[PDB]
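Form deposited in one PDB entry, single chain, as structure tokens, below.
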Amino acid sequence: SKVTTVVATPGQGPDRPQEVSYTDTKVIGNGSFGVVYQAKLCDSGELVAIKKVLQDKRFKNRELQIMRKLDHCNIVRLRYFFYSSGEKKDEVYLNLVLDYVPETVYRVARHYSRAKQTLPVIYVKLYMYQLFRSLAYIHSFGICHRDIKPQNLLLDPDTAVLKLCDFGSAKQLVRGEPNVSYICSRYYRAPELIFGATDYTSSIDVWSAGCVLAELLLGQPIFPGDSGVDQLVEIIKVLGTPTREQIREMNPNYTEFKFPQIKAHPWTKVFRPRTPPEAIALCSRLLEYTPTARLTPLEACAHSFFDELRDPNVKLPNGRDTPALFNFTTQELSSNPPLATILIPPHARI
């Protein structure tokens, strides 16, 4: 087959380029970003994904700058990066060589939906916990993903490992600095975003994660609608009408606009009867109008819902051991170091 050799800089460590050779190049994605390819490294045989984006000469790429700073088991690793000329002549392309993760939460949730089944609760705990770990990590550097949704949550079906991807919308949120409100995908957008707030915090990712949890429990999105107004009606139907105080906490320019007075629906009636109460309690605490009232990713990791993961006897349906879940760093725990008493169970240290 066709072998491509490049002089690629490693993602982490010293800026010491290396000759990287790859083959079996197939397109696996095409979006607003650019093209995502799958390729096989000639040396190891290891599979990788290559994200190709057109680079302006104007400034450095924000996604690369973010990717270069990250190293977490629940985040797709930037292995290398290199420049090329691909489709258009006289223009540069930045190529991000990333870890290849075979499946998405989106496709898996879709399989179960189609078969009129729900994803077993063990997987809901494994996938959600791992998402909150990745969130605790990026948030500790002040970085907000801004596009949390099932399509951006990659899975290894054999190892039950989840890895966060797509750092195209990611930004370091600095207090007092304004940010675009038009980020985030329909169904997963926090009410502050729907209200066009430019002063939002990293708690927008928490709302999105909460929407993902409720969807895995229901078998469909919790807040659907093709307009902000329809989405808001669906939110109000569950959470009840937001107070004048709750509106101020999201966007204070929408306080004088009247809303339909709907009663605060009991969260227990939202989900099927078999739904564990700790799962319902977790949604309740993540899907809050007041951005500050939402659990943090690290607090979410420590929630009762994830206790089965901390059991020393927990195993995968395939018999294998659970992936890494307790290897927390000082950085990862920085928001609340005492939480490590809950997070790291006695059997963990080895």
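Throughout, rigid core stands for the largest set of C-alpha atoms superposing within 1.5 Å between the two forms. Only residues modelled in both forms are compared. We number the residues from 1 along the sequence you see.
Keep in mind that the form deposited in another entry is not shown, yet the notes after this line are about it.
Just one residue from the list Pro120, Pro224, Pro178, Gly86 crosses the 2 Å line for C-alpha shift between the shown form and the other one on a rigid core fit, and it is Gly86. After superposition on the rigid core, the Cα atom of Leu316 is displaced by less than 2 Å between the shown form and the other one. A displacement of 2 angstroms or greater separates the C-alpha positions of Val35 between the shown form and the other one, with the rigid core held in common. Residue displacement note: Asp307 has its CA displaced by under 2 Å between the shown form and the other one (rigid core superposed). Segments of 3 or more consecutive residues in which every C-alpha moves by 2 Å or more between the shown form and the other one, counting only residues present in both forms and fitting on the core, are 31 to 35, 56 to 59, 86 to 91.
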